[PDB]
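Given as structure tokens, the chain that follows is alone and in the form deposited in one PDB entry.
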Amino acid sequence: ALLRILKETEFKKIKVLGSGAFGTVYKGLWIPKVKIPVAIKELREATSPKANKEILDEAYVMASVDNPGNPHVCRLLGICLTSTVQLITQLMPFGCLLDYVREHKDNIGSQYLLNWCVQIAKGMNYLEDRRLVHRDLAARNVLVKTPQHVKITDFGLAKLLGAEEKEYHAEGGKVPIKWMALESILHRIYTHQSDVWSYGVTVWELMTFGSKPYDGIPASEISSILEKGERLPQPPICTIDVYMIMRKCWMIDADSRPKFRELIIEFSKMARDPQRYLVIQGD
């Protein structure tokens, strides 16, 4: 578990990329013969000892899965010490996959979506082998390096399970409800199986080309809806077989939820025959 502390001076923080509640991400160049494009994250209220603890937590969680890694999981490049702690991570040039599936909504063939789902299961399965619960699997949180290369990011909420710990006990802060499993909302319990549901939802995000899930339903009513047994709809483009998968991720019995290993097998199987499973217009 190693951090690489990098010299504040070598970065020229070009512009911002997008600010959240949690923090603010900047693109910028890093020039230690070549120049390297990078992304830079620092949290809101970056002077506070709570907001310097959480960012170094993120850096830790991230660095103790760096080796050997996985081509579908962003690596830390290091951190910068200024007045605050900055997290450096190589710039994905095509941005998040949510943004993507919107802008390019009319030119994405089945072979891409179905490959992305395998790449993401691959990203997550490794993480699981590394005893890490991402806690925030979304489409906003999937960076595109190239159309055949997608990577997972944002370990703000990510946590590590102890040697014999099965689940994580969230001292509820601010969490993204419409991505969480039932048991994650009621009892604040997070599992690998809780990331499966998040995947399930993220899948739904992509298939719909970046629709907002449970649109215009207030956060509150969500758990209720789910307890009724209401799930997100079957997207227009998807057959039953693909939707049947999404619907397994969302089952109350977390241990009846499919595994990331099972998902790679399933989505590869489909990704080999992309048009048999997804009906895109003009595909």
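Note that residue numbering begins at 1 and tracks the sequence as displayed. Here, rigid core means the biggest group of C-alpha atoms that superpose within 1.5 Å across both forms.
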Exercise. None, 1 to 3, 4 to 9, or 10 or more: how many residues of the deposited sequence lack coordinates between residue 233 and residue 234?
Worked result: none
For this session: Could you check which stretch, 96-104 or 131-139, carries the larger mean CA temperature factor in the entry?
Result: 96-104
Problem set entry | Per the entry, higher mean C-alpha B factor between 52-60 and 66-74 | 52-60
Seminar exercise, completed: Highest CA B factor of 115, 202, 193, 82, as deposited, is found at 82
For this session: Between 145, 159, 169, 122, let me know which has the highest C-alpha B-factor in the entry?
Result: 169
For this session: Would you check the entry's CA temperature factor for residue 261 and let me know if it's in the chain's lowest, middle or highest third?
Result: middle
Exercise. Within this chain, which third does the Cα B-factor at residue 163 fall in: lowest, middle or highest?
Worked result: highest
Exercise. Once the chain's modelled residues are ordered by C-alpha B factor and cut into thirds, is residue 212 in the lowest, middle or highest one?
Worked result: middle
For this session: Pull the Cα B-factor of residue 275 out of the PDB entry and bin it into the chain's lowest, middle or highest third.
Result: middle
Problem set entry | CA B-factor ranking of residue 111, expressed as a third of its chain | highest
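Keep in mind that the form deposited in another entry is not shown, yet the notes after this line are about it.
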Exercise. Which of 100, 197, 190, 155 has its C-alpha displaced by 2 Å or more between this form and the one not shown after core superposition?
Worked result: 155
Exercise. Once everything's superposed on the core, is residue 13 shifted 2 Å or more at the Cα between this form and the one not shown?
Worked result: yes
Exercise. Taking the rigid core as reference, does the Cα of residue 242 move 2 Å or more between this form and the one not shown?
Worked result: no
Exercise. Relative to the superposed rigid core, does the CA atom of residue 47 travel 2 Å or more between this form and the one not shown?
Worked result: yes
Exercise. Knowing the Cα distance between residue 66 and residue 70 changes 3 Å or more in the other form, does it shrink or grow relative to here?
Worked result: closer
Exercise. Relative to the form shown here, do the C-alpha atoms of residue 132 and residue 156 sit closer together or farther apart in the other form, given a change of 3 Å or more?
Worked result: closer
